[PDB]
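Engineer: part one of the complex, untouched from its place in the assembly:
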Amino acid sequence: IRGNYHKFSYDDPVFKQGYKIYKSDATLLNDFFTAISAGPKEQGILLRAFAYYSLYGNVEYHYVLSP
């Protein structure tokens, strides 16, 4: 979706901010997809990554490493 050509280390301010709404909170999550103006295909990418990022881990304890 969002500008690939290098290290892309996990910070990704779409993905962490969207998950903090997805995990704890989401019935609102219809509303900020058109704040991305994410298309229907682009919406499908993110949701599959949110549902897999619900095994691990916590939003409440922050840590960052890079791949």
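Structural biologist: In hand now; what should we look at? Residues are numbered from 1 along each chain as shown, chains lettered A, B, ... in the order given.

Engineer: buried residues of the longest helix anywhere in chain A, list them for me.
Structural biologist: Identified as the longest helix of chain A according to DSSP state H is helix A:40-52. Going by neighbour count (16 or more other Cβ atoms under 10 Å), the buried part of helix A:40-52 is A:46, A:50. C-beta: built from backbone N, CA, C; applies to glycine.

Engineer: that helix packs against which elements?
Structural biologist: helix A:15-22 (3 or more Cβ pairs under 8 Å, 6 or more residues apart in numbering; DSSP states H and E).

Engineer: onto the same structure, chain B please:
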Amino acid sequence: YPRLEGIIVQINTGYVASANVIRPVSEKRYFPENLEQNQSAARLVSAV
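Structural biologist: That brings us to chain B, laid onto the chains above:
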């Protein structure tokens, strides 16, 4: 001249576009509210 269909369609195309009968919008409602994100429908939302 078998290109004559290209004229008669283009006259009829210029009538429909001048009538302002269908205007495309930038909002997509292929799915109802919060079935898009719902895990069981992941096989269905890829086909649509």
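
Engineer: let's see what packs on helix A:40-52 again after adding chain B.
Structural biologist: Contact analysis of helix A:40-52 by 3 or more Cβ pairs under 8 Å, 6 or more residues apart in numbering or on different chains; DSSP states H and E lists helix A:15-22, helix B:42-47 as its packing neighbours.

Engineer: buried deepest among those, which one?
Structural biologist: Comparing the helices and strands packed on helix A:40-52 by mean neighbour count (mean count of other Cβ atoms under 10 Å in any protein chain shown), helix A:15-22 ranks first with a mean of 16.

Engineer: just the angle between that helix and helix A:40-52, please?
Structural biologist: 70 degrees (axes from the mean of the first three to the mean of the last three Cα atoms, to 10 degrees).

Engineer: contacts for helix A:15-22 next, please.
Structural biologist: Contacts to helix A:15-22, defined as Cβ atoms under 8 Å, 6 or more residues apart in numbering or on different chains, come from residues A:28, A:29, A:32, A:46, A:49, A:50, A:53, A:54, A:59, B:37.

Engineer: extend the structure above with chain C:
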Amino acid sequence: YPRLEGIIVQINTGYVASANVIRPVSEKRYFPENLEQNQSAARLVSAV
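Structural biologist: Adding chain C to what we have so far:
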């Protein structure tokens, strides 16, 4: 003078608002405990 309905309701509103009969509050209890953040009832809490 069909604005007379606006007078008689305004008189009747002044009796209700002086009776101290209903006062609002800033707390919502439309749902029981642990049903708003439930994924199964997301189709219902988006209609209420």
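
Engineer: since we added chain C, can you redo the buried residues of helix A:40-52?
Structural biologist: For helix A:40-52, a neighbour-count test (16 or more other Cβ atoms under 10 Å in any protein chain shown) marks A:43, A:44, A:46, A:47, A:50 as buried.

Engineer: excluding covalently adjacent residues, which one is nearest to the second one?
Structural biologist: Just to be clear, that refers to residue A:44. Distances taken as Cβ to Cβ, 6 or more residues apart in numbering or on different chains put residue B:45 closest to residue A:44, at 5.9 Å, once the chain neighbours are dropped.

Engineer: the one you found: what's it in contact with?
Structural biologist: By Cβ under 8 Å, 6+ apart, the contact set of residue B:45 is A:44, B:31, B:35, B:36.

Engineer: picking up where we left off before, so what touches the longest helix of chain A?
Structural biologist: Helix A:40-52 is contacted from outside by A:1, A:14-15, A:18-19, A:22-23, A:33, A:36, A:38, B:28, B:30-31, B:36-37, B:39, B:42, B:45-46, using Cβ under 8 Å, 6+ apart.
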